Structures are given as C-alpha cells and as structure tokens.
Amino acid sequence: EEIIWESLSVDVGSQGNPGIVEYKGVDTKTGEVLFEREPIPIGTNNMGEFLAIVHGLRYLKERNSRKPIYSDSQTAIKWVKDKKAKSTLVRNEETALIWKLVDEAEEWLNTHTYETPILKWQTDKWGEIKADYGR
RNA sequence: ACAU
DNA sequence: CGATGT
Ligand SMILES: [K+]
Ligand SMILES: [K+]
Ligand SMILES: [Mg+2]
Ligand SMILES: [Mg+2]
C-alpha cells in the first residue's frame with residue numbers, strides 16, 4: 001500500500017541477458033548510492049538481482065541496520081527466501097565468476113542470520129525502483 | 001499469467 | 001523482438 005521510505009532499494013543492470021551484469025543499492029528516500037558492484041562479464045538478470053539482495057543483507061547487517069530491502073524481482077526474492085538460486089545458466093569457464101559469486105552468496109545465507117524484511121517493490125503502483133539503471 |  | 005525466472 002504505502003512505500004516504506006526508510007529502506008534500501010536494489011536493482012540489477014545488464015548489457016545482454018545473459019550478458020554483462022552489475023548491481024547497486026540506494027537509499028530509497030534520497031537515491032544516494034550506497035554500494036555498486038563492479039561489472040561481471042557474463043551473468044543473468046536473475047543472478048544479479050539475487051546478488052544485489054544478498055549484498056544488501058550483508059551491508060545492512062554490518063551496519064546494524066534494521067531497514068527493509070526493496071527488490072522488484074519476484075524471482076530473486078524467492079531465491080533469497082529459499083537460500084537457493086535456481087539459475088538455468090550453464091556452468092562453464094566463461095560463467096565461472098558469476099557462479100562463484102552466486103555460490104558464495106548462498107553460502108553466506110546458509111551461515112548467517114538476519115531479520116531484514118525483503119519487500120516487493122510495486123512497480124505497477126509506484127514507478128521504477130529507485131535503484132533502477134534507466135536502461 | 002506474473003515478475004524481471 | 002529476445003532471454004531469465006515462478
Ligand atoms: K534499466
Ligand atoms: K516468459
Ligand atoms: Mg530489477
Ligand atoms: Mg531496473
């Protein structure tokens with residue numbers, strides 16, 4: 001119903017899908033960019049959306065912040081809930097880096113705890129998520 | 001169909 | 001138009 005303005009918003013950006021993947025997290029209220037991942041040469045949109053949420057969890061935990069995270073990705077939200085990223089992306093030499101990061105993100109989820117609510121950004125009602133790349 |  | 005996902 002109402003945007004929770006005291007929150008962190010994350011989004012993926014890509015050049016191709018599969019293709020070059022990056023992501024960032026912003027303060028929902030102000031748009032201040034709080035973290036940005038160096039582009040990863042090959043990955044999928046959903047792997048990037050997943051990594052963005054997990055990075056947000058790690059970022060907020062490190063700072064003792066109870067803010068929720070907004071993502072517009074039905075898929076990534078579920079993968080985080082399950083602690084399992086069910087990507088179809090072939091595992092080969094060119095996808096090794098993204099798969100290492102995804103594997104490590106799952107490993108972090110399976111060895112840490114958090115209460116952070118992971119909320120669906122309602123793009124149909126609210127417009128684009130504040131972390132959007134505009135591409 | 002819905003979310004990207 | 002194509003691809004990633006539930
Ligand atoms: K965009
Ligand atoms: K589809
Ligand atoms: Mg998105
Ligand atoms: Mg976007």
Side-chain angles (χ1 to χ4, degrees):
Chain A
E1 174 67 90
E2 267 239 306
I3 293 164
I4 298 168
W5 286 104
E6 189 172 312
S7 62
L8 173 67
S9 293
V10 302
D11 197 15
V12 71
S14 88
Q15 300 159 239
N17 183 34
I20 301 175
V21 168
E22 63 191 320
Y23 67 72
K24 77 172 165 289
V26 310
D27 184 311
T28 306
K29 244 203 311 276
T30 68
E32 180 186 355
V33 179
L34 301 176
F35 54 81
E36 286 184 279
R37 168 64 209 199
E38 175 181 290
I40 299 150
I42 302 291
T44 69
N45 63 329
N46 292 324
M47 300 165 102
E49 299 270 19
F50 170 78
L51 294 174
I53 296 173
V54 177
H55 192 78
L57 288 172
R58 296 178 72 167
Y59 177 93
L60 294 173
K61 184 179 180 75
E62 179 71 27
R63 289 161 180 75
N64 294 315
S65 172
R66 288 172 54 79
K67 283 175 180 184
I69 294 167
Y70 275 116
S71 167
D72 66 22
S73 177
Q74 186 177 116
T75 296
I77 292 169
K78 179 183 190 294
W79 286 0
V80 173
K81 182 185 172 105
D82 293 341
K83 302 186 181 208
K84 174 55 68 174
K86 217 178 84 188
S87 178
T88 67
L89 185 67
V90 61
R91 284 187 187 257
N92 63 27
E93 174 139 84
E94 76 191 6
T95 68
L97 173 51
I98 194 98
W99 267 119
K100 182 163 186 291
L101 297 172
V102 170
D103 290 342
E104 287 164 351
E106 290 180 347
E107 181 58 30
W108 188 88
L109 293 173
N110 283 333
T111 49
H112 298 77
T113 65
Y114 64 89
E115 291 171 27
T116 305
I118 299 168
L119 305 178
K120 178 64 174 70
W121 181 264
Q122 295 179 52
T123 305
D124 57 334
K125 302 178 191 63
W126 304 338
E128 284 277 23
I129 192 164
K130 301 307 179 181
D132 186 48
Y133 280 83
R135 50 175 66 161

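Naming convention: chains lettered A, B, ... in sequence-line order (proteins, then strands); numbering from 1 in each chain.
A/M47 has its CE atom 12 Å from the P atom of C/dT6, to the nearest Å. One interatomic measurement links the two molecules: NZ of A/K125 to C1' of B/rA3, which rounds to 12 Å at whole-angstrom precision. Following rounding to the nearest Å, A/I20 (CD1) and C/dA3 (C1') show an atom-to-atom distance of 16 Å. Rounded to whole angstrom, the span from the CD atom of A/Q122 across to the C1' atom of B/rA3 amounts to 12 Å. Taking atom CG of A/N46 as the reference point, atom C1' of C/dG5 lies 5 Å away to the nearest angstrom. Rounding to whole angstrom units, CD of residue A/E49 and P of C/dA3 are separated by 19 Å. In this structure, the CD1 atom of A/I98 is 15 Å from the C1' atom of C/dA3, given to the nearest Å. Atom CD1 in A/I42 sits about 13 Å away from atom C1' in C/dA3, given to the nearest Å.
Using a 4.5 Å heavy-atom threshold, the side chains of A/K120 and A/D72 count as touching. A heavy-atom distance below 4.5 Å is not found between the side chains of A/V80 and A/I69.
Between A/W108 and A/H112, the ring-plane angle classifies as parallel under the 30° and 60° cut-offs. Ring geometry for A/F35 versus A/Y59: interplanar angle of 30 to 60°, hence tilted.
One finds no side-chain N or O of A/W121 lying less than 4.0 angstrom from the OP1 or OP2 phosphate oxygen of B/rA3. Residue A/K78 places none of its side-chain N or O atoms closer than 4.0 Å to OP1 or OP2 of B/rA3. In this structure, A/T44 reaches the C/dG5 phosphate: one of its side-chain N or O atoms is under 4.0 Å from OP1 or OP2. The side chain of A/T88 places an N or O atom within less than 4.0 Å of a non-bridging phosphate oxygen (OP1 or OP2) of C/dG5. Regarding contacts with the backbone of C/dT6, a side-chain N or O of A/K86 is found under 4.0 angstrom from either OP1 or OP2.
Between A/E104 and A/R58 there is no salt bridge, since no side-chain nitrogen of the basic residue lies less than 4.0 Å from a carboxylate oxygen of the acidic one.
Side-chain atoms of A/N17 lie closest to C/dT4 of the nucleotides C/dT6, B/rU4, C/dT4.
The environment of A/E6 atom CD is sparse: at most 12 non-hydrogen atoms of other residues, nucleotides or ligands sit within 6.0 angstrom.
Taken from CG in A/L89 to CE in A/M47, the straight-line distance is 5.0 Å, to the nearest 0.5 Å.
For the contact set between residues 68-76 of chain A and RNA chain B, defined by any heavy atom under 4.0 Å, the members are A/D72, A/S73, A/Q74.
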